[PDB]
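Heads up, the chain below is alone and in the form deposited in one PDB entry; it's given as structure tokens.
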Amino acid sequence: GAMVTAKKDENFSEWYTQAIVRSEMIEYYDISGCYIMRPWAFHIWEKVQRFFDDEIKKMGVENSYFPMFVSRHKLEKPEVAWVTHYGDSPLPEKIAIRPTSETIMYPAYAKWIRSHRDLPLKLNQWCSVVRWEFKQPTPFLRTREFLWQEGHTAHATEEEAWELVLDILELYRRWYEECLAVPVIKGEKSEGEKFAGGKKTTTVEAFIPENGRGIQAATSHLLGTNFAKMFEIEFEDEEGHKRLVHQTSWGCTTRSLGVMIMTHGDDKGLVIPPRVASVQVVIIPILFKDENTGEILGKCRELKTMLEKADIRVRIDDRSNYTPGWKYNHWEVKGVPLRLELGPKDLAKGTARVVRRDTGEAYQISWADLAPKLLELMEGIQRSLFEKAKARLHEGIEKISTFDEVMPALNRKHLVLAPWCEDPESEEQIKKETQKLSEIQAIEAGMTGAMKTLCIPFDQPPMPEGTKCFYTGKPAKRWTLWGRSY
């Protein structure tokens, strides 16, 4: 036995640790800020990787592999780990482990691009990167080493590069919403939060109700011609004039797994959406001592064969030395979306008993109907997980008009949607003021408190003219989404 015992709504940090440890998703490691990704989590990564990989291939993006090292000269042209020695011997100049690969890839782009016939150039890589913050890590969400993909494209015009930025952002919306059943908000980052050196940064943002925090889920940047100028990346049109290329950068990490875990989990542990579950259906035979155990197990194998013909991912837990109750809890903790139970009474009726992980509802299904009924049940579970999560997202955002509605909203663990003048100085003033007010409240009470922009959403509600900015009183420009954050 091993059950989750912290409650998700009472001690959220302990609950999250129990849910990912007791389900065997992660293991700790002697170097702080790094975690081991065990197969139960890694299978989910492989599934979303396959999804995204297939979609970018349809766009003409190709995979590649660039070195993990970058020279001091190129990098600084900051949370970076430096290699200064090979064995006993001092490197003649220190080299960094990649935090991101713009400065690794771009010198090569400048060599490869000569003519408009070389554009567009579209590359991606799957690798890990290192960002060495000396603050406390969170499994999946903030770690010193993490797996990601990063794509990098170059175009003859700004408009084509922007079109690609938005197409990729839509793929990230599908990664979260269609595979992981996590609702996200598309938007533009503020000038203070956009990618250093870029022109415009787009994002999809997620929300964690139990601590009130927004979290950036993935990112797609219009670099414009800024990096082209730094690295001298130019092409000749068909008339022979040299022009800078226009570039994009975009990435998504194993952070997505953590967001999925927090979104769907419950007091019993993980709940994995059917579309990414490596086991969608666990078959548990009931194995009384005084029964025809061979016949029961034979029928479980037949059912498995039948379900796999419909591309359902099935595992039979025929372990003799554990009870069905033990098995129920074991696969509940691991988040398997459907359990199928089969005992001598079911065999006698030609049915199976099926229990859905999200709600506990049980069904009796004839064997003839099993494959289509289970297909529709998984699609219902997927949809239900998304819709419930989406309603929590919408309950979690307060539309406000002025600044002293902020702290009450933040104390409800909500995000705020507010008209903003988008002046860069005001974002830093707001972060400092909300941090300060959070400190005072902590002292009245017996993990940063600051509120920052999460994004300026693509979906703008009506902006009546004359609407003033909630903090400066200046004319508002757009509705901006703010909250505490990761």
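The numbering used is simple: start at 1 and walk along the sequence shown. For the two forms, the rigid core is made up of the largest set of C-alpha atoms that agree within 1.5 Å on superposition.
One more form of this protein should be noted, the form deposited in another entry, which is absent from this view; the next part is about it.
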- Message: Taking only shifts of 2 Å or more in Cα after a rigid core superposition between the shown form and the other one, tell me which of 387, 159, 93, 232 qualifies.
- Response: 93
- For residue 291, is the C-alpha shift between the shown form and the other one 2 Å or more after core superposition? yes
- Message: Is the shift of residue 305 between the shown form and the other one large enough to count as movement, that is, does its C-alpha move by 2 Å or more after the core is superposed?
- Response: no
- Message: If the two forms are fitted on the core, does residue 399 show a Cα displacement reaching 2 angstroms between the shown form and the other one?
- Response: no
- Query: Looking in the other form, are the Cα atoms of residue 360 and residue 293 closer together or farther apart than here, the change being 3 Å or more?
  - Reply: farther
- Output row for the residue 289-residue 330 CA distance, |change| of 3 angstroms or more in the other form, reads closer
